[PDB]
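To start, the structure under review is shown below, and the notes come after it.
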Amino acid sequence: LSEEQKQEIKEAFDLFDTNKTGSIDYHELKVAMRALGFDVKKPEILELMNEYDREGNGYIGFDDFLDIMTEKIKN
Amino acid sequence: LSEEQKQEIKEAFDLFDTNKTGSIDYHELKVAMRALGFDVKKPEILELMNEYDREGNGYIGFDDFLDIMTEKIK
Amino acid sequence: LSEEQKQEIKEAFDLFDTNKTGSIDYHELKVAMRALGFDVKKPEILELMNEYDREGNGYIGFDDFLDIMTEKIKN
Ligand SMILES: [Ca+2]
Ligand SMILES: [Ca+2]
Ligand SMILES: [Ca+2]
Ligand SMILES: [Ca+2]
Ligand SMILES: [Ca+2]
Ligand SMILES: [Cl-]
Ligand SMILES: [Cl-]
């Protein structure tokens, strides 16, 4: 929630944001969460994708990723 | 451990310091060590808590976490 | 790979640079890659070591590690 914590979450997102877009696809969400210490598996990742991929293009934004990590850490 | 290494250990601790208490409980220690690349399981984590939770309240400080990562890395 | 992505890869290498050399051994490569979200196993790590430990002393450099992570993140 703090600025220091938000930057660290941003570092994990920017590491696997290949095409310099503001998005990550399924595989990049898995390694990003694992880079933050969460051993997420395929059923959990697909559940998160379908919850946040509103336009249905296979990508989620950073603010989507920020809210995911917010739910995981604060709980 | 150098200043650069200690800062990185500090970043992993501050990420899972949920209430800014300067302390982490069992679950927060587990994900923090895994955030540093160590796949730790429940028996090892409980053994670390029992070693460093001297007050017996279910929390350890950063200097407890710093010493844990010191022996795991060095 | 942007300059900020290379800094994050450098942080993972420097965390397990135990003796302040420019090298990591088998075990230090395993945890360094796992610190970046890749849960690699023994056969893959030994495969990467054999490819990049050209001198054959059980160590690889940062530029070896940077190239490994470049291939992993860019599929
Ligand atoms: Ca992308
Ligand atoms: Ca990590
Ligand atoms: Ca706490
Ligand atoms: Ca205590
Ligand atoms: Ca070394
Ligand atoms: Cl999980
Ligand atoms: Cl002790």
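Keep in mind that the numbers below use all heavy atoms, side chains included, and drop hydrogens, waters and symmetry copies. Quick note on labels: first sequence line is chain A, next is B, and so on, each numbered from 1. One-based numbering, in listed order, for ligands and for the atoms of each.
- Distance check for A35(B) against the Ca ion (ligand 2): an N/O/S atom falls below 3.0 Å.
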Mind running side-chain hydrogen bond (donor to acceptor under 3.5 Å, both in side chains) on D67(C) and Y52(C) for me, showing each step along the way? CA-CA 9 Å; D67(C) 181 77; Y52(C) 293 84; 2.4 Å; yes
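- Checked against the Ca ion (ligand 4), the N, O or S atom of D53(B) at the shortest distance is OD1.
- Heavy-atom neighbours of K41(B) NZ from other residues, nucleotides or ligands within 6.0 Å: at or below the threshold of 12.
- The nearest N, O or S atom of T18(C) is not closer to the Ca ion (ligand 5) than 3.0 Å.
- Looking only at atom types and distance, the side chain of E3(B) has no donor-acceptor partner in the side chain of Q7(B) under 3.5 Å away.
- In the displayed structure, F62(A) atom CZ is contacted under 6.0 Å by more than 12 heavy atoms of other residues, nucleotides or ligands.
- Among the atoms of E55(B), an N, O or S atom is found under 3.0 Å from the Ca ion (ligand 4).
- In this structure, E47(A) does not pair ionically with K42(A), as no charged nitrogen and carboxylate oxygen lie closer than 4.0 Å.
- Taking backbone and side-chain atoms together, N19(C) has an N/O/S atom less than 3.0 Å away from the Ca ion (ligand 5).
- Metal site remark for the Ca ion (ligand 2): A12(A) contributes no N, O or S atom at a distance under 3.0 Å.
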